[PDB]
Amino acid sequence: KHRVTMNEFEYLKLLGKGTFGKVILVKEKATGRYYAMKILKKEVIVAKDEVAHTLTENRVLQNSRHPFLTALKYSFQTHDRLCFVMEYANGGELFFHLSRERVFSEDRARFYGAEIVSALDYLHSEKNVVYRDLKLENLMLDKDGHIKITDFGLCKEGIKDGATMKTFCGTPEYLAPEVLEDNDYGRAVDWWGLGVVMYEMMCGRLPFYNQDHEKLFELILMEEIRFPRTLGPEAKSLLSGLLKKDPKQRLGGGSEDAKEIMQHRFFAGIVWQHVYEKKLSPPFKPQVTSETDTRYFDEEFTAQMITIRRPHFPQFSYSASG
């Protein structure tokens, strides 16, 4: 039982303006520790019908602990607002990094892929959660260069060995064929999402692209995958497995889930226990001088300065142990 308020934080820098609120680099007065605080106006959440997604995100963040999932330290509410105090990822979004570098080496994509697989294996097997929104923008880096997944509002809870989902949701460029078919789909949608992020990392483009979402969806449903002529055969076998359009043929589509991907020769020599204990060497270390250095966050936002109703959300509030 540790109740917290907006007064227990200093408000240092705007990290980013979200659709329904903003994310602010804050410092906890009592401890000196920095966090990213996500602040949503209740009026907005209710008017845009975001309440269910807000509560899902609260629940998944409370019920999850993993080194490559963003940790929730506190959630609390005011008369005005809902607040999530989260683990600050100083490294910014892999989207930032891949925009600057164009491609990652296969070894660098293998590292990020192993940390994503460990996170998703945990969500599916330990928590019965399907994430459904994997993409570069939700893959952040911590100060050491390890992955931190953010944005859990699109998760589905309570999904088991084979159980199915109906909600049409995700990001258009990342949607699995079985989601676009609008039949029921299972946890394998996450593995299609892995394939798309890993393809982008190693190939420097989406596997399917058109600006128009409807033609983009015809490519995802109909076009056969191609690869650049430089891509290694283990990389090409992994991406071809992950980007099978029929989820029952997909790598990770069977009852073994993530263990089938973990067994793939592209990950040969990876010790999954060592992945989890952060024993492996990040191939890129963010060059952040201090914790308030926001060089990996975009200019529009870092520059903006603001230095420092509606209902009650029953039992929203939470405080982590330790």
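Residues carry their position along the shown sequence, with the first being 1.
- The deposited sequence places 10 or more unmodelled residues between residue 308 and residue 309.
- Between 167 to 175 and 154 to 162, it is 154 to 162 that carries the larger average Cα temperature factor according to the deposited entry.
- Relative to its counterpart among 210 to 218 and 194 to 202, 210 to 218 has the higher mean temperature factor, C-alpha atoms as listed in the PDB entry.
- Within the group 64, 70, 294, 263, the record's highest C-alpha temperature factor is found at 294.
- Among all modelled residues in its chain, residue 76 ranks in the highest third by Cα B-factor.
- Residue 107 sits in the middle third of its chain by CA B factor, as recorded in the PDB entry.
- When the modelled residues of the chain are ordered by C-alpha B-factor, residue 253 sits in the lowest third.
- For residue 82, the recorded CA temperature factor ranks within the highest third of the chain's modelled residues.
- Ranked by Cα temperature factor within the chain, residue 234 sits in the lowest third according to the deposited record.
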